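See structure below.
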Amino acid sequence: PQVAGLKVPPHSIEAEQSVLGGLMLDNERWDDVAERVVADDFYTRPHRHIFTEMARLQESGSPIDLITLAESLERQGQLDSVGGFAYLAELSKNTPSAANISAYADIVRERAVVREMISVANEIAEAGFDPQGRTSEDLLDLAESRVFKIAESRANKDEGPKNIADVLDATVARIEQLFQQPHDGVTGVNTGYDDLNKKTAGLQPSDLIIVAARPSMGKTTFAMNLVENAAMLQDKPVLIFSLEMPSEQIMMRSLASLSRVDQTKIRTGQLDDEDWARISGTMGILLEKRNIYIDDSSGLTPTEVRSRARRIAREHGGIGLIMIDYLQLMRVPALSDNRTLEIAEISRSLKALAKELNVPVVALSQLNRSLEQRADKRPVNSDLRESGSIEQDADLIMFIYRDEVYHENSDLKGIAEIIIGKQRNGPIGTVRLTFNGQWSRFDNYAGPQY
Amino acid sequence: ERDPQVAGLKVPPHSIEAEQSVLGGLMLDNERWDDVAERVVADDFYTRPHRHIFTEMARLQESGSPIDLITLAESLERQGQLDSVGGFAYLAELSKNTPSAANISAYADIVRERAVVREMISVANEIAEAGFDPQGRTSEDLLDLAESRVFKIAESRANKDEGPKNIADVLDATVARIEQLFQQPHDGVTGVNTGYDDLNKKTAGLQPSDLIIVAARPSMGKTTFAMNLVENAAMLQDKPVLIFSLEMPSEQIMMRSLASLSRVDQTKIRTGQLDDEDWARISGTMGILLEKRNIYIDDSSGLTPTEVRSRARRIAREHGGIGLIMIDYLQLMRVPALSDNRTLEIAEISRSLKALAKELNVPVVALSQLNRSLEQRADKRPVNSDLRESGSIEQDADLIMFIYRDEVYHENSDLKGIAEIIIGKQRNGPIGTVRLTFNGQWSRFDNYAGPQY
Amino acid sequence: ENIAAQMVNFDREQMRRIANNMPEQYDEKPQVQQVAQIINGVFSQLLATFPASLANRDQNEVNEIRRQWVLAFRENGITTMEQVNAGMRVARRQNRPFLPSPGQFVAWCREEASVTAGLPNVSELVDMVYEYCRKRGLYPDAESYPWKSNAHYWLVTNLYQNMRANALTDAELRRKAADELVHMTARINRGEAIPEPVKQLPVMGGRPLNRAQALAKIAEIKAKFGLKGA
Ligand SMILES: Nc1ncnc2c1ncn2[C@@H]1O[C@H](COP(=O)(O)OP(=O)(O)O)[C@@H](O)[C@H]1O
Ligand SMILES: Nc1ncnc2c1ncn2[C@@H]1O[C@H](COP(=O)(O)OP(=O)(O)O)[C@@H](O)[C@H]1O
Ligand SMILES: [Mg+2]
Ligand SMILES: [Mg+2]
């Protein structure tokens, strides 16, 4: 082993043996080792098995000395597979008691990280050599996703099955984090509306959210209000994909909503002194925060959307919310022949992006004309025609309904209904809001509730 | 050598034939350059001579010079780089052996794909090699290096879909837009002027990047109203106006435009029963048009959205922008791939028109046809649902206007000579009816000088 | 193209384009009132023929049926009252108590109009096409087939060619036969003269040559041209 150009996976058997021997000799330092290394970081099956058994014994309330460990292994018949009482005694004896197990545990650390990086590079090369029907864009997306996942908290390997111990640790961490910040019933991104928060407990991360309504019902208004509320009530960036409108009109609508100034005055530039003061205050707040990003490109493929979202998260260390308006304008060139397959691919890619970035993704959608021919025009799930996969893959589905749009003499003027058609982890129902189209805004409904 | 294929897989993926085809097509056709420019980059070429040729051609295209074989060879000869490329012999070989009558888009995509695959493989090799030889770098440094190397592949785009922009830039753009709108007092016309007072009041002109649909039953003045809007835009603005005519030839449109501008009776012109005053009016109109020279008309039939977009881009490049685009009518546009299903074809056409309008930052006015069942209803004033088979048209249209004339359906109509423009879908404002006066004798629309309720 | 070039050409020609001028005449269409009156008359006559069809039905169903009939007539182009009379005659021939479907009524009108013009109906035409497809391989050409009339020849040949070229099924063949009958009836009612095929060359013949004389001719050719190999 001259090591003068040798290509060997990074590992150190001496460090593993020292760690195992030290843990055998002194069970009290186990915690100091349990924070620095996991079972998967070990390079051999016997060492992983020994570490797993020691962890099980320690968390079951038992000593992990040589005799107890050997007895526990023998009862499960796994003592022979490890190497035997001879190998266990060699581990106990050869490694001196007077050792610093912290450095050795940090050595059984990042060597595994470098090995995982080499594994990811090998997987990327292998996928490149044998596309198996994948396009270049798909290969680039796969490589970017892998190298992005590996470089985030490095909890374990790139992706694969995980022992229930790690998942339980993650679940307890999630519970503690959600309990450390009292938001009064909001465990996700705040929507800015109390009734909607009661119904949904915020926009949960890794969930696909669909907002649907007939034309002129106010989909873009509601989505932009959600974006503004998320930006004002959070610190993570909020990304907007607007394939239907230029960014300037969206910004004018946002100014009208935030500063509560008439939109026609802003569009025509005819404002009084108080309107200018309100606009100045809104612009000052927006330029103080600086966490809203807008992309008004048209005909975006799901790969481009995912790549841009990944770039934003890479630059700013996370995303708070993603918004798309709307999904019927997206393109899948390879599936341009069949619309149903294109919509299914779009929905699956959006769900995969939501899972990958751990962000809430809200996509807007349109309904069918036949809805206007029914006795009750309030949307239902089946009104998502051509998009059954949308109904199947969506974590949350909300329909917007304004009765004044179809009925001029409607008694419910200014009142919009958000109807929850599907909620994977909660109830369903109707939430009433006040629609101020003058400012292009939705507000909490102050009227009596039954 | 002694290698059938054992050493033939160390070679990174590439395609010499696609490169040669692209270069030959560029040499023998300089009109498709942009299509090549949007799909390939100089670094996508595997051989140094091809990269150098593409770079020199890009430089010549940016300098405005032609990129034919002779000009390119002379430009390379002056810089002394002709010898390095491979010589005029190799240039002529590329020009000749590669046909001009070819589809260069497929070869450009082939060149693009191999470069991506090869760069991905090379980056994976570099990452693994760095992993095996840390040279003192920590794990975090190696992970950051790997991430940067991997994401540098999809990057390095010259200028194409700049992507997300910070709120600061968009806010600056919005402030600039507001200032520009306020600096020009047009009595509420924050866009392309239509020449009609009430229409400009309700719509604030024809806003850029909007899809405008004009719908009417046959014999309602739809084409006449569209031509009046085009003429008003051409007279009140200096930017070029492009017209697509899939139904009527350009000569008839020109004669109608002359009749409308000069207010000469169309019957006399069609019968040739003119006089000195009509000749003077026509001469004045032609003098004004020659002073402007800002109108272009294409009368090709069966135009696909790709051809329309390409021609609009070519006109914009030649004359520095467009003021308005007019299409008559959308139902005649053909999508070869979706010819089997009419609804999908209509949706594709509407989406492509909206994308073109957003890209060029120009108002696009497309003409559409309504359903005959409208004639069987108690009220014949059109609604959105009268756009049957075209739900995507209603969904994707920023402005929808229906042209109605009660005189067409009622002989004893009390509103004879009065036409209504009904705003079915106003995306950024209110909806309602605007009354105008229609002169079919002069084939023109005029402001309604009568009382308004 | 730029407008400037066309304007320059207009100035250079002037009176030449006035000689070109502009095509005249506009589009005129019938009013909806006539179609509504026709539909009302058809509905009244059918209700007279089939009183039990609308028994125990509210006005909404009657209006829906009327709308369906209007749509069917507009799609199939029912304008002349003579077609309505022919359809009523066929319906009075029919023995079904219930009201026929609008498509069936249109088919009755077209069938009666075709029969009036001295042409076989759809079933006879399809049977003739099948017989032709079975028997035409036994003749040198389509003109050698025992044709009854020129209309039969043209209809059968056109249907056979269309069926063989487009791989038509039986129902598609029947629909094409109905369309061909409608077109031929329209042509006949417009006067017109049906051409008498095209024919293809005479047969010639007259070869009274035997084996011995042929051998003598071959030997003479060999002697004259010196074909040593043969
Ligand atoms: N200046 C304005 N004043 C009042 N209401 C407006 C104004 N501009 C737009 N609206 C309202 O906005 C609604 C549609 O907004 P938008 O969200 O863009 O439609 P969509 O639901 O298609 O996204 C319309 O019903 C209209 O009433
Ligand atoms: N020379 C003319 N004199 C009088 N009326 C005319 C003349 N030319 C056209 N019109 C009228 O203009 C109307 C619209 O014509 P046109 O623009 O060709 O059809 P569309 O309504 O499809 O645009 C017709 O109803 C016709 O009555
Ligand atoms: Mg919208
Ligand atoms: Mg027309």
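Chains as they are written, first to last, in the deposited numbering: chain C, 19 to 468; chain B, 16 to 468; chain Z, 2 to 231. Quick reminder that beta carbons are idealized off the backbone N, C-alpha and C, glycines included.
For residue i, go through chain Z and note every residue whose CB falls closer than 9 angstroms to its CB, in chain order.
| i | result |
| --- | --- |
| residue 301 of chain B | 8, 11 and 12 |
| residue 304 of chain B | 4, 5 and 8 |
| residue 463 of chain B | Residues of chain Z passing the Cβ test: none, with the nearest at roughly 25 angstroms. |
| residue 242 of chain B | Result: empty, since nearest Cβ-Cβ is about 13 angstroms, beyond 9 angstroms. |
By Cβ distance below 8 angstroms, which residues in the same chain neighbour residue i in space, the five residues on each side in sequence not counted?
| i | result |
| --- | --- |
| residue 37 of chain C | 51, 55, 119, 122, 123 and 126 |
| residue 110 of chain B | 39, 42, 43 and 84 |
| residue 292 of chain C | none |
| residue 456 of chain B | 280, 281 and 282 |
Quick one: list the residues of chain B neighbouring residue i, beta-carbon separation under 7 angstroms, in chain order.
| i | result |
| --- | --- |
| residue 87 of chain C | Ordered by position in chain B, no residue passes the 7 angstroms Cβ test against residue 87 of chain C, which lies about 31 angstroms from the chain. |
| residue 25 of chain Z | 285 |
| residue 264 of chain C | 224 and 373 |
Going along the chain, which residues of its own chain have a beta-carbon closer than 6 angstroms to the beta-carbon of residue i, five neighbours each way excluded?
| i | result |
| --- | --- |
| residue 1 of chain Z | In this structure chain Z extends from 2 to 231, so residue 1 of chain Z is not present and cannot be described. |
| residue 143 of chain Z | 158 |
| residue 115 of chain C | 43 |
| residue 360 of chain C | 350 and 353 |
| residue 415 of chain C | 228, 439 and 440 |
| residue 82 of chain C | 45, 72, 75 and 76 |
| residue 117 of chain C | 36 and 40 |
In three-state DSSP terms, what is residue i?
| i | result |
| --- | --- |
| residue 117 of chain Z | helix |
| residue 195 of chain Z | coil |
| residue 211 of chain B | coil |
| residue 428 of chain C | coil |
| residue 440 of chain C | strand |
| residue 286 of chain C | helix |
| residue 272 of chain C | helix |
| residue 147 of chain B | helix |
| residue 459 of chain B | strand |
| residue 162 of chain C | helix |
| residue 435 of chain B | strand |
| residue 113 of chain B | coil |
| residue 133 of chain B | helix |
Give me the chain B residues within the contact set of residue i, using Cβ-Cβ distance strictly less than 8 angstroms, ordered along the chain.
| i | result |
| --- | --- |
| residue 75 of chain Z | 387 |
| residue 22 of chain Z | 285, 286 and 287 |
| residue 71 of chain Z | 391 |
| residue 311 of chain C | 179, 180, 181 and 182 |
Name, please, each residue of chain Z whose Cβ falls closer than 7 angstroms to the Cβ of residue i.
| i | result |
| --- | --- |
| residue 234 of chain B | 28 |
Check the Cβ of residue i against every Cβ in chain Z and list those closer than 8 angstroms, keeping chain order.
| i | result |
| --- | --- |
| residue 396 of chain B | Per Cβ cutoff of 8 angstroms: no residues; residue 396 of chain B is ~15 angstroms from chain Z at best. |
| residue 390 of chain B | 33 |
| residue 308 of chain B | 3, 4 and 5 |
Find the residues of chain C that neighbour residue i, judging by a C-beta separation of less than 7 angstroms, and give them in chain order.
| i | result |
| --- | --- |
| residue 176 of chain B | 315 |
| residue 406 of chain B | 387 |
Which residues in the same chain have their Cβ closer than 7 angstroms to the Cβ of residue i, if we skip the five residues on either side of it in sequence?
| i | result |
| --- | --- |
| residue 91 of chain B | 71, 97 and 100 |
| residue 68 of chain B | 38 and 100 |
| residue 473 of chain B | No answer is possible for residue 473 of chain B: the residues shown for chain B start at 16 and end at 468. |
Just the chain C side, please: which residues come within less than 9 angstroms of residue i by C-beta, in chain order?
| i | result |
| --- | --- |
| residue 416 of chain B | Chain C residues near residue 416 of chain B: none, gap ~15 angstroms exceeds 9 angstroms. |
| residue 131 of chain B | 154, 155, 157 and 158 |
Residue i touches chain B at which residues, Cβ-Cβ below 9 angstroms?
| i | result |
| --- | --- |
| residue 19 of chain Z | 284, 287 and 289 |
Minimum length 4: unbroken alpha helix (DSSP H) runs contained in the region 393-423 of chain C: 406-411
Point to revise | Whole alpha helix (DSSP H) elements within the region 43-104 of chain B, 4-residue minimum | key: 48-52, 63-78, 84-94 and 97-100
Beta carbon nearer than 7 angstroms to a non-hydrogen atom of ligand 2: B/231, B/233, B/234, B/235, B/236, B/237, B/238, B/239, B/281, B/282, B/285, B/423, B/455, B/456, B/458 and Z/27
* **Sequence ranges, alpha helix (DSSP H) only - wholly within the region 200-253 of chain C, length at least 4** => 212-218 and 237-250
Report the start-end ranges of each beta strand (DSSP E) in the region 353-386 of chain B that is 3 residues or longer and not cut off at the edges. 379-383
Hey, which unbroken runs of the alpha helix (DSSP H) at 4 residues or more fall wholly within the region 103-164 of chain Z? 103-117 and 123-136
**Item:** Uninterrupted alpha helix (DSSP H) stretches inside the region 41-96 of chain Z (no shorter than 4 residues)
**Value:** 60-77 and 82-94
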